[PDB]
Amino acid sequence: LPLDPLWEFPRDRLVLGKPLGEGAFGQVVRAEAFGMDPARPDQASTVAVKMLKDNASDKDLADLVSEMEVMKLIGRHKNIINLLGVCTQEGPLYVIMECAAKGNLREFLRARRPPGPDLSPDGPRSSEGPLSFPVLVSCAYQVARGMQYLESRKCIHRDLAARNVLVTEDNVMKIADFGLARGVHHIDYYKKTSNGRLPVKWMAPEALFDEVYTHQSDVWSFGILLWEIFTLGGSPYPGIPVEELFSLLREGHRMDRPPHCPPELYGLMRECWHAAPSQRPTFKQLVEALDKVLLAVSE
Ligand SMILES: *C(=O)c1nc(NC(=O)Nc2cc(O[C@H](C)c3c(Cl)cncc3Cl)c(C#N)cn2)c(OCCN2CCOCC2)cc1CN1CCN(C)CC1=O
C-alpha cells in the first residue's frame, strides 16, 4: 500500500494491549499510542487497533482496506467512532480508531438494570438504579444524531443495533462498524452469534426479502435499537425463532410496547417500522422528535 502522509502513524508509537473482540474479517485490540497529537509527541492515549486475523485471506485484506478508506472519507463527528491513523508501511496493516471505554450499548444497559425486589434495602437509594429516563432518551438522541451525520455522508450502516453502538467514559454514544463489507448477498439468516444474537431480527423487510438497503432501512433498524434501549438491552422478538420471524413479518407482525415505555417512544418505534420505507421518519426527523422529548424531560 502507498504512504498516505495525512493518516500514517508510526507503528513503533503503539503498544498493543488486551484484545477487545473480533468480527468477520478482522480483530480489534486495545493499545496505548504515544503522540497521536503531534504537538504532544510523548503523550499517551488509549486507542482501538483493528488488524487482520492470522488466517486472513486476500478478501479479508481487501475488506479491511475498504473499511480504512471509508473511515478516511467519513470525517469527524462526536457520535461515531472516528479514525485516528493507520499503519501501512513496513509491517501489518493497522487501522487505529477511538476506543470506547464502557463497551457496547447493549452490554452497558444490561449491566445497569435496576435492583430487583429481592435486595434488602441499604441506605436512602436502594430503589434507584443507574439508568434514568432522560439518560435513556439521550442515548437514543445521540444515536440518531450520529446516523444523521453518516447519512449526510452517504453512508448506510446495514446492521445498526445496540451492540454496534459504543459508549465512552462520558456516556457519549458512538456508532461503530459503519460502512463495512457485510456480505449482503450471502447472509445465513439462521446464524446465531456466540452471545446468542440473531442479526436477522434487525433487518428491514426490504433488506431481508428484497436485498434492498437505503437510509430508510437503517431507520427500521433504529426502531429495533429504540426497543433495545427501552427494554434495557432486551433481545428483540422475544422467543421467536427465525422460521417464525419470516412468517410473522410477512403478516405484518410488530413487537408489543415494552413495560415502562411511554407512548411517545413506542409511537416512534412503530413509525420506524412502517411497511413503506417512505412512511418511516428520516434521521433528521428522529433527531428533532427525540430532542423535543429530551428537552421536555431535562427541564
Ligand atoms: C478503550 O476505550 C477501551 N475499550 C473497551 N471496550 C470496547 O469495546 N472498546 C471498543 C471496541 C471496539 O470494537 C469491538 C470489536 C466491539 C466489541 Cl469488543 C463489542 N461490541 C461491539 C464492538 Cl464494535 C471499538 C471500535 N471501532 C472501539 N472501542 C474496554 O472494555 C472494558 C471491558 N468492559 C467493558 C464494559 O463492560 C465490562 C467489560 C476498555 C477500554 C480501556 N480501558 C478502560 C479501563 N481500564 C481500566 C481498562 C481499559 O482497558
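Each value in this text was obtained by applying a stated rule to the coordinates, not by laboratory testing. Counting neighbours? That spans all protein chains shown, and the Cβs are built from the backbone with ideal geometry, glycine included.
A few points about this structure:
- Note on region 94-138 and region 176-254: Cα centroid distance 24 Å, given to the nearest whole angstrom.
- Cross-link pairs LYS18/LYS72; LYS50/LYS102; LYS102/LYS192; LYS102/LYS201; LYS102/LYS154; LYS50/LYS174 - those with Cα-Cα distance over 20 Å: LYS18/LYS72; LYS102/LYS192; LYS102/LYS201; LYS102/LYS154
- Neighbour net charge for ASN55 - beta-carbon separation under 15 angstrom, K R +1, D E -1: -3
- Packing, as the average of other Cβ atoms within 10 Å across residues, places the peptides 89-99, 179-189 in the order 89-99, 179-189, highest first.
- Cα-based shape type of region 37-92, given that a ≥ b ≥ c are square roots of the gyration tensor eigenvalues and the cut on a/c is 1.5: oblate
- Along region 251-263 the Karplus relation, 6.51 cos²θ - 1.76 cosθ + 1.60 evaluated at θ = phi - 60°, assigns HN-Hα couplings of 8, x, 4, 9, 5, 5, 5, x, x, 6, 10, x, x Hz to successive residues, with x for each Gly and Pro.
- Take the Cα of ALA296, step 7 Å toward its Cβ, do the same at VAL135, and the gap between the two points is 2.2 nm.
- Partners of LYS59 within straight-line reach, counting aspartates and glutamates whose Cα lies under 14 Å from its Cα and excluding those fewer than 8 residues away in the same chain: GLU67.
- Ranked packing of 40-47, 139-146, most packed first, by mean Cβ within 10 Å: 139-146, 40-47
- Region 188-274, relative contact order [Cα under 8 Å, separation at least 6], %: 29
- Residue of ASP58, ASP177, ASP118 that the Gaussian network model of the chain assigns the largest fluctuation, springs spanning Cα pairs under 10 Å: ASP118
- Relative contact order, percent, the chain [alpha-carbon distance under 8 Å, six or more residues apart]: 15
- Contact order normalised by residue count of region 154-299, Cα under 8 Å, 6+ apart, percent: 22
- Environment charge at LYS18 (Cβ cut-off 12 Å; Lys +1, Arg +1, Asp -1, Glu -1): 0
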